[PDB]
């Protein structure tokens, strides 16, 4: 399978070159990510793009000294929607309305249905629900990056609240879930030649 070949090409890049990543490439990567399935189709997360070097150097200090946060072409941050329920529901209803040519009443009934269902969860449960959806997105993103021969590294090893504070995400109703520097591996990154370690299928598949 092609996706198996993509799985073998990618790796958790340790050292990036100084090569630039174009906006066209990053847009292709995030456009493919955008089409990922989500719970109820609500897509309760987004992808932030940061290139500014100064800002990213600040994030290194809140990424346990992991320099690749800044020393890469760009940084993508996946952020969950953790603010007003309306910021999750309304943008979906607008798209649903337009795409499915719904009547005003039908749109309002769907808006109500999802608003009530999300309000039924606690803030904590809703946040983790959103976080989970973003992890599905990461799965897409890692393969989309491989198709484009774009290197990356997913990073949970960051100070989440510090990222949120530094980037003022609170006024956007967002919460950092994980970060992914993107770019092109350094010639000098010897970790690209380590053999991949994965569960064999005899352990990963359990027939009941």
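Numbering follows the first chain given and starts at 1.
Of the two segments, 38-46 and 52-60, the one listed with the higher mean B-factor is 52-60 (C-alpha atoms only).
Look at the C-alpha B-factors of 156-164 and of 137-145. On average they run higher in 156-164.
When the Cα B-factors of 107, 74, 79, 88 are read from the PDB record, 107 comes out highest. The entry lists a Cα temperature factor for residue 130 that places it in the lowest third of the chain's modelled residues. In the PDB entry, a CA B factor belonging to the middle third of its chain's modelled residues is recorded for residue 27. In the deposited entry, the Cα temperature factor of residue 14 places it in the middle third of its chain's modelled residues. In the deposited entry, the Cα temperature factor of residue 169 sits in the top third of values across the chain's modelled residues.
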